[PDB]
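As numbered in my numbering, residues 19 to 429 make up the sequence shown, in order.
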Amino acid sequence: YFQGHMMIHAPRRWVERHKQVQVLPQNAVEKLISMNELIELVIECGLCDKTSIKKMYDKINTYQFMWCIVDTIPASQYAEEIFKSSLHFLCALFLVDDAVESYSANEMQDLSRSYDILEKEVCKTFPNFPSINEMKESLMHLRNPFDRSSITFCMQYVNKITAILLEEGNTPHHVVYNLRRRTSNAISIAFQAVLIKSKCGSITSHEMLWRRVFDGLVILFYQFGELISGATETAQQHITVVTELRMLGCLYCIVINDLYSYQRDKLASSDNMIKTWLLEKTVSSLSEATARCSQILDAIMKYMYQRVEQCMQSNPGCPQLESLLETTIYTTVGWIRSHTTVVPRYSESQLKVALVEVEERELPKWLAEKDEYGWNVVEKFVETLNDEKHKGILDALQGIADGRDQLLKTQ
């Protein structure tokens with residue numbers, strides 16, 4: 019600990035893959051960055067104009083952000099299309115988030131209601147789907163065109179990935195169905211969480227984790243590596259454990275987000291965890307909040323390592339699973355890289371990270387150096403994750419249920 023006091027830890031073999039550059043020609047970077055297609059897509063929907071998407075693209079640097087979010091280079095044309103649509107979805111999802119953060123309760127209520135009804139309308143036309151203008155028809159009754167455009171764009175992504183995995187014979191039918199349901203349920207649960215943000219609780223530092231995980235749609239970002247690597251079937255043979263690791267990664271990303279955004283001019287507002295701690299249970303602000311966050315992040319890394327290196331030892335002879343788990347690890351570690359270099363958070367008044375590389379001789383020591391508050395945090399997070407009250411949320415974030423979230427955080 020010194021004045022660069024965001025010191026985290028990650029195994030050397032995990033982080034040596036982020037020291038890596040994208041070996042790829044410029045034909046294939048413009049195949050993947052189909053900027054003209056993004057323009058035509060956002061002006062075929064009612065979202066925004068060319069200037070807005072170009073500004074979002076300059077801000078987010080969505081390509082290098084994507085290379086922090088997938089580790090598998092496209093191996094066929096379908097993978098190229100998947101990466102293209104994922105890039106587009108990321109870029110415009112952030113623009114939708116910039117606007118929905120100041121939505122009244124009624125406006126969000128209508129938005130999430132329309133998503134929930136449209137999902138169930140277009141889930142019975144499977145494998146067929148309506149086009150963008152055909153999908154505006156059921157949303158014509160809305161009083162805000164932005165909600166209509168957002169819903170059409172999200173369901174467009176949801177149907178496009180399905181169309182891609184059914185235009186090839188590699189992924190089985192019935193698991194593509196579960197994948198589609200998983201994606202749309204994630205989006206609907208995000209709307210439900212931002213709608214639950216209309217109340218301020220009737221507080222506890224575990225409800226906080228449960229909400230802050232759902233406040234971001236990071237699961238959809240983890241699914242990019244699944245799709246682009248062709249592991250949809252082997253991730254559907256292991257929907258559990260994979261979903262838990264992705265939840266741990268979401269918690270990781272949101273801890274880092276809440277710590278970066280509390281050092282900005284923009285009011286954090288929301289249920290920023292540092293704010294909640296400093297209201298009650300923190301002495302000096304930044305130095306102690308940073309150490310709490312570092313403990314939580316290190317504990318998430320250790321639990322992820324142990325879980326992966328157990329599920330591989332108890333499921334031997336499954337190389338596809340191994341590569342999938344390594345991809346999830348890559349995407350969980352990539353959030354450090356993203357917050358440090360590729361997002362427009364070049365504050366440097368923000369904590370300067372010290373990413374320590376845990377070598378092999380140190381790995382047994384480091385996995386037994388678990389005597390911290392982050393241990394309790396992550397353990398209790400895993401318990402409330404596998405709580406039977408929250409079984410419906412689990413099954414909805416798996417591809418095996420309908421999305422319902424409002425009866426478990428508002429009650």
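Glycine included, each C-beta is placed from N, C-alpha and C at the ideal position.
Asked	Found
Exposed or buried, residue 331, counting other C-beta atoms within 10 Å across all chains shown (16 or more means buried)?	exposed
Can you tell me whether residue 371 is helix, strand or coil according to DSSP?	strand
Is the beta carbon of residue 370 less than 8 Å from the beta carbon of residue 64?	no
For residue 423, count the other beta carbons within 10 Å of its own beta carbon; 16 or more makes it buried, fewer makes it exposed. Which is it?	buried
Quick check: residue 175 and residue 107, are their CB atoms within less than 8 Å of each other?	yes
Just tell me which of 295, 59 and 24 has its CA closest to the CA of residue 226.	295
Where do the ends of the beta strand (DSSP E) carrying residue 408 lie?	From DSSP, residue 408 is part of no beta strand (DSSP E); its letter is neither H nor E.
Verify whether the separation of the beta carbon atoms of residue 177 and residue 125 is less than 8 Å.	no
Anyone know if the C-beta pair for residue 237 and residue 415 falls short of 8 Å?	yes
Put residue 179 into one of helix, strand or coil per three-state DSSP.	helix
Taking the alpha-carbon positions, what's the residue 410 to residue 201 distance?	15 Å
Confirm, please, whether the CB-CB distance from residue 26 to residue 315 is below 8 Å.	yes
DSSP three-state call for residue 212: helix, strand or coil?	helix
Does the count of Cβ pairs from the segment 127-144 and the segment 280-292 closer than 8 Å reach three?	no
Could you tell me which uninterrupted alpha helix (DSSP H) segments, each at least 4 residues in length, are contained entirely in the segment 288-361, listed from first to last along the chain?	291-298, 303-332 and 337-355
What is the rounded straight-line gap between the Cα of residue 168 and the Cα of residue 233?	17 Å
Can you tell me which of the three DSSP states residue 27 falls into?	strand
Please state whether DSSP places residue 114 in a helix, a strand or coil.	helix
So, helix, strand or coil for residue 376, using DSSP?	strand
Are residue 196 and residue 254 close, meaning C-beta to C-beta below 8 Å?	yes
Could you tell me how far apart the beta carbons of residue 308 and residue 277 are, in whole angstroms, since I believe they sit closer than 8 Å?	7 Å
Which same chain residues end up closer than 6 Å to residue 362 when comparing Cβ atoms and leaving out the 5 residues on each side of it in sequence?	77
Output the distance between the C-alpha atoms of residue 55 and residue 397, rounded to the nearest integer angstrom.	44 Å
Does the segment 27-34 come within contact of the segment 345-365, defined as at least 3 CB pairs closer than 8 Å?	yes
Can you name, in chain order, every residue of its own chain whose Cβ lies under 6 Å from the Cβ of residue 137, other than the five neighbours on each side?	202
Got a sec? Which residues, its chain only, sit under 6 Å from residue 377 by beta carbon, not counting five neighbours each side?	30
Taking residue 158 as part of the alpha helix (DSSP H), name the residues at either end of that continuous run.	Careful: residue 158 lies outside any alpha helix (DSSP H) and carries neither H nor E.
Taking residue 172 as the reference, which of 191, 182 and 110 has the closest Cα?	110
Do residue 402 and residue 191 come within 8 Å of each other at the CB atom, strictly closer than that value?	no
Comparing alpha-carbon positions, which option in 70, 183 and 170 lies nearest residue 95?	183
Got a sec? Which residues, its chain only, sit under 8 Å from residue 367 by beta carbon, not counting five neighbours each side?	281
My output table needs one value for residue 144: the three-state DSSP class, helix, strand or coil.	coil
Measuring alpha carbon to alpha carbon, tell me which of 153, 179, 160 and 275 ends up nearest residue 170.	153
Could you give the DSSP three-state label for residue 165: helix, strand or coil?	helix
Would you mind working out which of 246, 326, 299 and 243 sits nearest residue 258, comparing C-alpha positions?	326
Our contact map puts residue 243 next to residue 345 with C-beta atoms below 8 Å; I'd like the distance itself, whole angstroms only.	4 Å
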